[PDB]
Amino acid sequence: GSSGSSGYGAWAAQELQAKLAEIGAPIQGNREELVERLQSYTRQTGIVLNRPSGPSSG
């Protein structure tokens with residue numbers, strides 16, 4: 001039993017910024033601004049994102 005909740009908060013300014021720029025989006029603004037953005041994108045497009053350098057083996 002673990003308290004698992006969704007949201008792009010745990011992430012870090014660097015991480016969030018990385019993704020945004022990755023999809024071709026401006027990484028300008030404060031943490032909040034960035035967070036809200038990702039949330040809006042996924043909601044609109046409908047493509048959930050996953051933390052970087054996560055699910056991988058090598």
# chains A, B, ... in the order shown; residues from 1 in each chain; ligands from 1

$ residues_around --residues "range 39-50 of chain A" --least-positions-apart "5" --cutoff "9 Å" --atoms "only C-alpha atoms" --output "MDAnalysis selection string"
chainID A and resid 7:8 19 34 55

$ select_by_dssp --residues "chain A" --states "alpha helix (DSSP H)" --output "list in words"
residues 13, 14, 15, 16, 17, 18, 19, 20, 21, 22, 23, 31, 32, 33, 34, 35, 36, 37, 38, 39, 40, 41, 42, 43, 44 and 45 of chain A

$ write_last_selection --atoms "N, CA, C and O atoms" --output "mmCIF file, in the first residue's frame"
data_model
loop_
_atom_site.group_PDB
_atom_site.id
_atom_site.type_symbol
_atom_site.label_atom_id
_atom_site.label_comp_id
_atom_site.auth_asym_id
_atom_site.auth_seq_id
_atom_site.Cartn_x
_atom_site.Cartn_y
_atom_site.Cartn_z
ATOM 1 N N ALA A 13 13.002 21.309 -12.359
ATOM 2 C CA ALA A 13 13.090 22.353 -13.371
ATOM 3 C C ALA A 13 13.822 21.855 -14.611
ATOM 4 O O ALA A 13 13.370 22.066 -15.737
ATOM 5 N N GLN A 14 14.956 21.194 -14.398
ATOM 6 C CA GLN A 14 15.751 20.667 -15.501
ATOM 7 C C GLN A 14 14.947 19.666 -16.323
ATOM 8 O O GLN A 14 14.838 19.795 -17.542
ATOM 9 N N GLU A 15 14.387 18.668 -15.646
ATOM 10 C CA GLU A 15 13.593 17.644 -16.315
ATOM 11 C C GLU A 15 12.467 18.273 -17.129
ATOM 12 O O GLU A 15 12.409 18.123 -18.350
ATOM 13 N N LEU A 16 11.572 18.977 -16.444
ATOM 14 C CA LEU A 16 10.445 19.630 -17.102
ATOM 15 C C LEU A 16 10.912 20.428 -18.316
ATOM 16 O O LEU A 16 10.392 20.259 -19.419
ATOM 17 N N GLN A 17 11.896 21.296 -18.104
ATOM 18 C CA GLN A 17 12.433 22.118 -19.182
ATOM 19 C C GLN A 17 12.896 21.254 -20.349
ATOM 20 O O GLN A 17 12.595 21.541 -21.506
ATOM 21 N N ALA A 18 13.633 20.192 -20.035
ATOM 22 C CA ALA A 18 14.137 19.283 -21.057
ATOM 23 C C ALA A 18 13.017 18.824 -21.986
ATOM 24 O O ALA A 18 13.061 19.061 -23.193
ATOM 25 N N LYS A 19 12.014 18.166 -21.414
ATOM 26 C CA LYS A 19 10.882 17.675 -22.189
ATOM 27 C C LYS A 19 10.320 18.771 -23.088
ATOM 28 O O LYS A 19 10.341 18.655 -24.314
ATOM 29 N N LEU A 20 9.819 19.836 -22.471
ATOM 30 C CA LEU A 20 9.253 20.955 -23.216
ATOM 31 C C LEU A 20 10.067 21.239 -24.475
ATOM 32 O O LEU A 20 9.546 21.183 -25.589
ATOM 33 N N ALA A 21 11.347 21.542 -24.289
ATOM 34 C CA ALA A 21 12.233 21.830 -25.410
ATOM 35 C C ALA A 21 12.341 20.632 -26.347
ATOM 36 O O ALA A 21 12.568 20.790 -27.546
ATOM 37 N N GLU A 22 12.177 19.435 -25.792
ATOM 38 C CA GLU A 22 12.258 18.211 -26.579
ATOM 39 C C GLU A 22 11.146 18.162 -27.624
ATOM 40 O O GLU A 22 11.378 17.789 -28.775
ATOM 41 N N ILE A 23 9.941 18.541 -27.214
ATOM 42 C CA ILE A 23 8.794 18.540 -28.114
ATOM 43 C C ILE A 23 8.774 19.795 -28.980
ATOM 44 O O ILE A 23 7.923 19.945 -29.855
ATOM 45 N N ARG A 31 8.697 27.378 -12.562
ATOM 46 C CA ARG A 31 8.365 25.968 -12.412
ATOM 47 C C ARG A 31 6.885 25.724 -12.696
ATOM 48 O O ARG A 31 6.533 24.909 -13.547
ATOM 49 N N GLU A 32 6.024 26.439 -11.978
ATOM 50 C CA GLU A 32 4.583 26.298 -12.153
ATOM 51 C C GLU A 32 4.204 26.382 -13.629
ATOM 52 O O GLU A 32 3.584 25.468 -14.172
ATOM 53 N N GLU A 33 4.580 27.483 -14.270
ATOM 54 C CA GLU A 33 4.279 27.686 -15.682
ATOM 55 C C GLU A 33 4.620 26.441 -16.495
ATOM 56 O O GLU A 33 3.820 25.979 -17.310
ATOM 57 N N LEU A 34 5.812 25.901 -16.268
ATOM 58 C CA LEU A 34 6.261 24.709 -16.979
ATOM 59 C C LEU A 34 5.349 23.522 -16.683
ATOM 60 O O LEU A 34 4.865 22.855 -17.596
ATOM 61 N N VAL A 35 5.118 23.267 -15.400
ATOM 62 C CA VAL A 35 4.262 22.164 -14.983
ATOM 63 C C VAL A 35 2.903 22.230 -15.672
ATOM 64 O O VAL A 35 2.499 21.293 -16.358
ATOM 65 N N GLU A 36 2.205 23.346 -15.485
ATOM 66 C CA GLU A 36 0.891 23.535 -16.090
ATOM 67 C C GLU A 36 0.931 23.226 -17.584
ATOM 68 O O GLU A 36 0.038 22.566 -18.116
ATOM 69 N N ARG A 37 1.972 23.708 -18.254
ATOM 70 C CA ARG A 37 2.128 23.486 -19.687
ATOM 71 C C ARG A 37 2.031 22.001 -20.020
ATOM 72 O O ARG A 37 1.127 21.572 -20.737
ATOM 73 N N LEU A 38 2.970 21.220 -19.496
ATOM 74 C CA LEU A 38 2.992 19.781 -19.738
ATOM 75 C C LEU A 38 1.616 19.168 -19.497
ATOM 76 O O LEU A 38 1.143 18.354 -20.291
ATOM 77 N N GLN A 39 0.979 19.566 -18.401
ATOM 78 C CA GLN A 39 -0.342 19.056 -18.058
ATOM 79 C C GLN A 39 -1.351 19.378 -19.156
ATOM 80 O O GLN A 39 -2.164 18.533 -19.533
ATOM 81 N N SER A 40 -1.293 20.604 -19.666
ATOM 82 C CA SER A 40 -2.205 21.039 -20.718
ATOM 83 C C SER A 40 -1.954 20.263 -22.008
ATOM 84 O O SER A 40 -2.891 19.799 -22.659
ATOM 85 N N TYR A 41 -0.683 20.127 -22.372
ATOM 86 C CA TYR A 41 -0.308 19.410 -23.585
ATOM 87 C C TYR A 41 -0.869 17.992 -23.576
ATOM 88 O O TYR A 41 -1.665 17.619 -24.438
ATOM 89 N N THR A 42 -0.447 17.202 -22.592
ATOM 90 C CA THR A 42 -0.906 15.824 -22.468
ATOM 91 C C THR A 42 -2.427 15.745 -22.512
ATOM 92 O O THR A 42 -2.993 14.859 -23.155
ATOM 93 N N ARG A 43 -3.084 16.675 -21.827
ATOM 94 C CA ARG A 43 -4.541 16.708 -21.788
ATOM 95 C C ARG A 43 -5.116 16.943 -23.181
ATOM 96 O O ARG A 43 -6.070 16.280 -23.589
ATOM 97 N N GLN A 44 -4.531 17.891 -23.906
ATOM 98 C CA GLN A 44 -4.987 18.213 -25.253
ATOM 99 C C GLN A 44 -4.645 17.090 -26.227
ATOM 100 O O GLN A 44 -5.533 16.429 -26.766
ATOM 101 N N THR A 45 -3.352 16.880 -26.449
ATOM 102 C CA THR A 45 -2.892 15.838 -27.359
ATOM 103 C C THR A 45 -3.365 14.463 -26.904
ATOM 104 O O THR A 45 -3.947 13.708 -27.682
#

$ closest_residue --among "A:24, A:29, A:51, A:56" --to "residue 10 in chain A" --atoms "only C-alpha atoms"
A:51
